[PDB]
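*Asks:* One structure, pasted below without further comment.
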Amino acid sequence: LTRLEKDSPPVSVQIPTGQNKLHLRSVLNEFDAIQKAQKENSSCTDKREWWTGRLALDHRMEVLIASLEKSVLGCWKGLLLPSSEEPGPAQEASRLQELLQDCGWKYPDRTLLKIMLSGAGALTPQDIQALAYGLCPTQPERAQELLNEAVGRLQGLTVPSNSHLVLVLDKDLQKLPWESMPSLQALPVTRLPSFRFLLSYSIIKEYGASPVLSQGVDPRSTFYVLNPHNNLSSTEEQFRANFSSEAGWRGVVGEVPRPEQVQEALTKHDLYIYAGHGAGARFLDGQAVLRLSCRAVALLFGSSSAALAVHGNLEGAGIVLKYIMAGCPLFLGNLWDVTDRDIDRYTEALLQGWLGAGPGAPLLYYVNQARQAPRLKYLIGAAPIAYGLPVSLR
Amino acid sequence: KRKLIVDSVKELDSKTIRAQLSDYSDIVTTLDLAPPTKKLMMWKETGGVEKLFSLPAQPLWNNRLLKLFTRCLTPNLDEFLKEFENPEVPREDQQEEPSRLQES
Amino acid sequence: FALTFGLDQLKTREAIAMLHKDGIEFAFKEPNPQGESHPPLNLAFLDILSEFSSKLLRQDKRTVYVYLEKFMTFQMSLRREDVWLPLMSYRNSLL
């Protein structure tokens with residue numbers, strides 16, 4: 001884990017999970033087990049059998065999302081939570097070195113004592129115990145006692161500011177839901193492919209490009225593709241007037257849109273709501289998307305719409321990694337497969353929440369809110385992830 | 001943590017001693033009397049609910065009729081999941097141009 | 001009346017589940033005339049229904065919550081007012 005920030009020296013550490021109870025492969029194998037269970041249950045007729053399976057998988061996904069916070073990150077969620085740039089960590093950023101190094105510290109770093117002070121009340125005594133034992137080896141008394149009393153003395157110190165977060169994950173850690181982690185719920189969290197992307201975003205943002213990040217998402221510049229094939233009657237039934245009455249919107253329902261039309265949407269308008277199967281890799285492939293510049297935030301609500309399929313040792317692959325190369329500001333797509341009604345509830349919740357809030361409304365905030373709309377709030381509620389930089393209205 | 005139960009109080013106050021000597025109205029009690037009449041004796045015999053649920057309401061004295069009455073004294077979530085809605089359906093299908101070089 | 005139904009676990013799960021079902025269906029029985037932007041009638045009952053929550057175990061609590069979603073609706077879930085205090089209490093009971 002490396003927390004890179006301006007005027008902030010690199011703070012990097014390890015979090016070995018091979019010595020704990022929930023090893024880093026247990027979670028990544030339970031995810032696949034739940035996915036296979038869902039694929040198997042997808043073809044059950046008995047309502048009693050089907051509903052039993054859904055309610056037995058939601059609990060397992062809820063267990064998993066908390067495992068990440070309870071076992072893997074451990075005493076290092078403060079390095080993810082906005083660090084306190086207030087002049088309050090300084091009182092200990094050198095106080096807990098002159099004794100910790102004496103008690104056994106080998107490499108006495110100085111930033112690990114400032115990246116955690118934010119939400120000092122939220123810091124827990126058992127968190128403090130690990131933070132102390134690891135920072136202070138050898139003599140068992142002072143090792144914890146000093147760190148614990150010092151952190152206790154600094155409790156309920158201050159309030160946190162606003163600082164958007166762009167977590168970057170590898171080829172295998174991208175599929176675990178890292179957004180619902182019970183520490184990253186309130187904060188705005190997205191996910192970019194790398195760091196050079198983050199800075200090229202600033203280059204484009206300074207040379208009068210990517211107009212969405214300059215002005216905002218115009219609420220009259222949205223294009224929708226609902227029910228390209230006549231298969232999902234429940235969807236069309238729900239989103240017909242709502243997607244039609246919307247002021248200044250245009251789209252296609254029933255018929256498969258022609259290639260010219262869909263390219264125009266991502267290039268001319270600012271928002272692309274997809275309601276259907278997959279990501280529409282049948283009517284718009286990454287090849288057409290790379291051959292245009294993306295000026296519209298992608299809200300693609302279909303199964304595995306933002307899932308980078310790891311087909312072996314190779315890295316991820318999907319439509320998202322080709323919207324981002326076109327200059328897409330944000331990309332909201334589901335990570336695993338979803339059913340109709342739950343994802344329809346999510347889509348309706350997010351849209352009304354974001355398009356009713358008003359001018360200057362962060363999208364990430366209303367997503368964090370729409371996560372509680374699906375009935376199974378962990379199997380079709382924790383699926384939507386975001387790729388890119390924060391977007392909002394004007 | 002020697003559990004010696006050692007306590008400073010190993011005596012009694014003379015004030016408390018005289019208080020006990022005078023206030024003997026907290027250790028005495030009243031009189032528990034038994035049924036004062038026959039009807040109440042009967043109702044204590046048969047008023048117990050075990051007898052209330054094993055005897056006729058209209059009193060029958062002959063054992064024949066008592067037998068006639070007392071022989072009549074004898075000794076998951078599946079239904080909830082019925083109310084749930086029908087199963088849903090999944091949202092998965094389950095199914096450069098070469099340029100014209102200038103002629104030589 | 002909740003103490004009477006001791007946890008013999010001999011299908012006591014179905015009895016207490018069908019008990020909550022009846023409570024939910026009675027709570028969301030008659031919509032309010034004033035408007036559907038206001039709480040459903042007979043919703044304060046859920047506060048009484050809370051005493052029976054402990055009898056269910058975790059799985060039945062989740063199932064009764066999903067059946068509660070059959071009458072709640074997200075907008076009503078996020079609606080935090082004094083007239084909704086009993087619904088908040090019931091939800092916290094089932095969590």
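A note on labels: chains of the structure tokens are A, B, ... as shown, every chain counts residues from 1, and ligands are counted from 1 in their shown order.
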Which chain C residues have any atom within 9 Å of an atom of chain A, and for each, what is the nearest pair of atoms with distance in Å to one decimal, counting only C-alpha atoms, rows sorted by chain and number, as a Markdown table?

*Replies:*
| residue | atom | partner | partner_atom | distance |
| --- | --- | --- | --- | --- |
| C:59 | CA | A:55 | CA | 8.2 |
| C:62 | CA | A:55 | CA | 7.8 |
| C:63 | CA | A:55 | CA | 7.3 |
| C:65 | CA | A:375 | CA | 8.9 |
| C:66 | CA | A:375 | CA | 6.2 |
| C:69 | CA | A:375 | CA | 6.7 |
| C:70 | CA | A:375 | CA | 8.9 |
| C:73 | CA | A:373 | CA | 8.0 |
| C:74 | CA | A:373 | CA | 5.5 |
| C:75 | CA | A:349 | CA | 8.3 |
| C:77 | CA | A:373 | CA | 8.8 |

*Asks:* Report as a list in words the set of chain B residues whose atoms approach chain A to within 8 Å, with distances computed over only C-alpha atoms.

*Replies:*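 Residues passing the distance filter: residues 78, 81, 82, 84, 85, 86, 87, 88, 89, 90, 91, 92 and 93 of chain B.
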
*Asks:* Counting only C-alpha atoms, a student should be able to say which residues of chain C come within 9 Å of chain B; what is the right answer, written as a list in words?

*Replies:*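 That gives the following set of residues: residues 11, 13, 14, 17, 18, 21, 60, 63, 67 and 70 of chain C.
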
*Asks:* So that I can check the surroundings of residue 106 of chain A, please list as a ChimeraX atom specification every protein, DNA and RNA residue that reaches within 10 Å of it, counting only C-alpha atoms and ignoring chain neighbours fewer than 4 positions away.

*Replies:* /A:100-102,135-137

*Asks:* What would the file look like if the residues just selected were written as a compact mmCIF listing (two decimals), in the first residue's frame with N, CA and C atoms?

*Replies:*
# COMPACT_ATOMS: atom_id res chain seq x y z
N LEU A 100 9.64 4.77 20.81
CA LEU A 100 9.35 3.59 20.01
C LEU A 100 10.64 3.01 19.42
N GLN A 101 11.51 3.88 18.90
CA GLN A 101 12.82 3.44 18.45
C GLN A 101 13.63 2.85 19.60
N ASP A 102 13.48 3.42 20.79
CA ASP A 102 14.20 2.91 21.95
C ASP A 102 13.68 1.54 22.37
N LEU A 135 4.72 -1.25 15.27
CA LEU A 135 5.62 -0.11 15.30
C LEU A 135 6.69 -0.29 16.38
N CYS A 136 6.39 -1.07 17.41
CA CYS A 136 7.29 -1.23 18.56
C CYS A 136 7.51 -2.70 18.87
N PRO A 137 8.58 -3.30 18.38
CA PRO A 137 8.88 -4.68 18.78
C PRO A 137 9.65 -4.75 20.10

*Asks:* Could you tell me, as a PDB file with C-alpha atoms, in the first residue's frame, which residues of segment 161-331 of chain A DSSP assigns to helix (DSSP H, G or I) when given the backbone?

*Replies:*
ATOM      1  CA  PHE A 195      -1.146   7.090 -11.909  1.00  0.00           C
ATOM      2  CA  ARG A 196      -0.067   8.444 -15.294  1.00  0.00           C
ATOM      3  CA  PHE A 197      -3.774   8.351 -16.101  1.00  0.00           C
ATOM      4  CA  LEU A 198      -4.434  10.557 -13.079  1.00  0.00           C
ATOM      5  CA  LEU A 199      -1.906  13.145 -14.247  1.00  0.00           C
ATOM      6  CA  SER A 200      -2.913  12.985 -17.928  1.00  0.00           C
ATOM      7  CA  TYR A 201      -6.365  13.829 -16.608  1.00  0.00           C
ATOM      8  CA  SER A 202      -4.875  17.087 -15.311  1.00  0.00           C
ATOM      9  CA  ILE A 203      -3.091  17.750 -18.621  1.00  0.00           C
ATOM     10  CA  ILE A 204      -6.350  17.334 -20.545  1.00  0.00           C
ATOM     11  CA  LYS A 205      -8.165  19.296 -17.811  1.00  0.00           C
ATOM     12  CA  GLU A 206      -5.810  22.246 -18.272  1.00  0.00           C
ATOM     13  CA  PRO A 211     -15.543  19.438 -20.936  1.00  0.00           C
ATOM     14  CA  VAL A 212     -17.388  17.373 -18.311  1.00  0.00           C
ATOM     15  CA  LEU A 213     -14.635  17.922 -15.741  1.00  0.00           C
ATOM     16  CA  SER A 214     -14.641  21.634 -16.666  1.00  0.00           C
ATOM     17  CA  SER A 233     -40.262  -7.065 -20.437  1.00  0.00           C
ATOM     18  CA  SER A 234     -39.952  -6.034 -16.774  1.00  0.00           C
ATOM     19  CA  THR A 235     -37.273  -3.446 -17.564  1.00  0.00           C
ATOM     20  CA  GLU A 236     -39.164  -1.715 -20.399  1.00  0.00           C
ATOM     21  CA  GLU A 237     -42.318  -1.920 -18.252  1.00  0.00           C
ATOM     22  CA  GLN A 238     -40.610  -0.034 -15.415  1.00  0.00           C
ATOM     23  CA  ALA A 241     -42.166   6.994 -19.245  1.00  0.00           C
ATOM     24  CA  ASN A 242     -39.405   7.822 -16.758  1.00  0.00           C
ATOM     25  CA  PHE A 243     -36.747   7.488 -19.463  1.00  0.00           C
ATOM     26  CA  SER A 244     -39.013   9.150 -22.078  1.00  0.00           C
ATOM     27  CA  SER A 245     -40.508  12.095 -20.083  1.00  0.00           C
ATOM     28  CA  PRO A 259     -23.688   2.098 -35.073  1.00  0.00           C
ATOM     29  CA  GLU A 260     -23.800   5.752 -36.175  1.00  0.00           C
ATOM     30  CA  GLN A 261     -26.348   6.613 -33.426  1.00  0.00           C
ATOM     31  CA  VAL A 262     -24.428   5.037 -30.481  1.00  0.00           C
ATOM     32  CA  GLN A 263     -21.041   6.595 -31.458  1.00  0.00           C
ATOM     33  CA  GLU A 264     -22.885   9.975 -31.588  1.00  0.00           C
ATOM     34  CA  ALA A 265     -24.180   9.470 -27.998  1.00  0.00           C
ATOM     35  CA  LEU A 266     -20.727   8.962 -26.385  1.00  0.00           C
ATOM     36  CA  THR A 267     -19.278  11.831 -28.504  1.00  0.00           C
ATOM     37  CA  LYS A 268     -22.014  14.507 -28.664  1.00  0.00           C
ATOM     38  CA  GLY A 286     -14.315  -1.194 -27.603  1.00  0.00           C
ATOM     39  CA  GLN A 287     -12.961  -0.836 -31.120  1.00  0.00           C
ATOM     40  CA  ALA A 288     -15.561   1.836 -32.103  1.00  0.00           C
ATOM     41  CA  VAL A 289     -15.190   3.499 -28.672  1.00  0.00           C
ATOM     42  CA  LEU A 290     -11.365   3.849 -28.963  1.00  0.00           C
ATOM     43  CA  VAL A 320     -14.157   0.180 -19.243  1.00  0.00           C
ATOM     44  CA  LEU A 321     -10.446   0.003 -20.155  1.00  0.00           C
ATOM     45  CA  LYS A 322     -11.422   1.480 -23.485  1.00  0.00           C
ATOM     46  CA  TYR A 323     -13.842   4.146 -22.292  1.00  0.00           C
ATOM     47  CA  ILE A 324     -11.092   5.471 -20.015  1.00  0.00           C
ATOM     48  CA  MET A 325      -8.694   5.641 -22.977  1.00  0.00           C
ATOM     49  CA  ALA A 326     -11.293   7.730 -24.839  1.00  0.00           C
TER      50      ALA A 326
END

*Asks:* If you count only C-alpha atoms, which residues fall within 6 Å of segment 81-94 of chain C, apart from same-chain ones fewer than 4 positions away, as a list in words?

*Replies:*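 Answer for this query is residues 44, 46, 47, 50 and 61 of chain C.
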
*Asks:* Using only C-alpha atoms, which residues sit within 8 Å of residue 16 of chain C once same-chain residues fewer than 3 positions away are excluded, as number ranges by chain?

*Replies:* C: 12-13, 19-20, 52, 55-56

*Asks:* Might you pull out every residue within 8 Å of segment 41-56 of chain B, with only C-alpha atoms counted and same-chain residues fewer than 2 positions away left off, and present them as a PyMOL selection string?

*Replies:* chain B and resi 35-39+58-60+66+69-70+73

*Asks:* Among segment 71-298 of chain A, which residues carry a DSSP assignment of strand (DSSP E), reported as a short mmCIF file (atom, residue, chain, number, x, y, z; two decimals) with N, CA, C and O atoms, in the first residue's frame?

*Replies:*
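After the write, states-v4.cif holds the following:
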data_model
loop_
_atom_site.label_atom_id
_atom_site.label_comp_id
_atom_site.auth_asym_id
_atom_site.auth_seq_id
_atom_site.Cartn_x
_atom_site.Cartn_y
_atom_site.Cartn_z
N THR A 222 -28.26 13.51 -22.09
CA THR A 222 -28.17 12.09 -21.78
C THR A 222 -28.82 11.26 -22.88
O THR A 222 -29.87 11.63 -23.42
N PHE A 223 -28.18 10.14 -23.22
CA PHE A 223 -28.66 9.21 -24.22
C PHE A 223 -28.80 7.83 -23.59
O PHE A 223 -27.92 7.39 -22.84
N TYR A 224 -29.90 7.15 -23.89
CA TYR A 224 -30.19 5.86 -23.29
C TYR A 224 -30.45 4.81 -24.36
O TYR A 224 -30.98 5.10 -25.43
N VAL A 225 -30.05 3.57 -24.06
CA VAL A 225 -30.31 2.42 -24.92
C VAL A 225 -30.98 1.37 -24.03
O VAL A 225 -30.32 0.63 -23.31
N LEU A 226 -32.31 1.31 -24.09
CA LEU A 226 -33.09 0.39 -23.27
C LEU A 226 -33.66 -0.73 -24.12
O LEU A 226 -34.26 -0.48 -25.17
N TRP A 249 -33.97 14.31 -23.46
CA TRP A 249 -33.25 13.05 -23.64
C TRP A 249 -33.71 12.35 -24.91
O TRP A 249 -34.82 12.58 -25.40
N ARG A 250 -32.83 11.51 -25.44
CA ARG A 250 -33.19 10.74 -26.65
C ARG A 250 -32.56 9.34 -26.53
O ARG A 250 -31.52 9.22 -25.87
N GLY A 251 -33.19 8.34 -27.13
CA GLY A 251 -32.70 6.98 -27.05
C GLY A 251 -33.48 6.04 -27.94
O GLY A 251 -34.28 6.46 -28.78
N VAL A 252 -33.22 4.75 -27.75
CA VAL A 252 -33.83 3.69 -28.55
C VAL A 252 -34.34 2.60 -27.62
O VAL A 252 -33.67 2.24 -26.65
N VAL A 253 -35.55 2.12 -27.89
CA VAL A 253 -36.18 1.07 -27.09
C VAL A 253 -36.76 0.03 -28.04
O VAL A 253 -37.48 0.38 -28.99
N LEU A 271 -24.01 11.83 -21.05
CA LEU A 271 -24.36 10.73 -20.16
C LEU A 271 -24.96 9.61 -20.99
O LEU A 271 -25.69 9.86 -21.95
N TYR A 272 -24.64 8.37 -20.62
CA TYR A 272 -25.03 7.19 -21.38
C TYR A 272 -25.55 6.13 -20.41
O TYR A 272 -24.76 5.39 -19.80
N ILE A 273 -26.87 6.07 -20.26
CA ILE A 273 -27.51 5.09 -19.38
C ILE A 273 -27.86 3.87 -20.23
O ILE A 273 -28.67 3.97 -21.16
N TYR A 274 -27.27 2.73 -19.92
CA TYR A 274 -27.54 1.49 -20.64
C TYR A 274 -28.33 0.54 -19.74
O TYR A 274 -27.89 0.22 -18.63
N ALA A 275 -29.49 0.10 -20.22
CA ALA A 275 -30.32 -0.88 -19.53
C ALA A 275 -30.50 -2.07 -20.47
O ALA A 275 -31.27 -2.00 -21.44
N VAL A 297 -20.24 10.65 -19.34
CA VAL A 297 -20.01 9.71 -18.20
C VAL A 297 -20.79 8.42 -18.48
O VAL A 297 -21.99 8.52 -18.83
N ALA A 298 -20.15 7.26 -18.36
CA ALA A 298 -20.84 5.99 -18.71
C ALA A 298 -21.52 5.37 -17.50
O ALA A 298 -20.80 4.92 -16.58
#
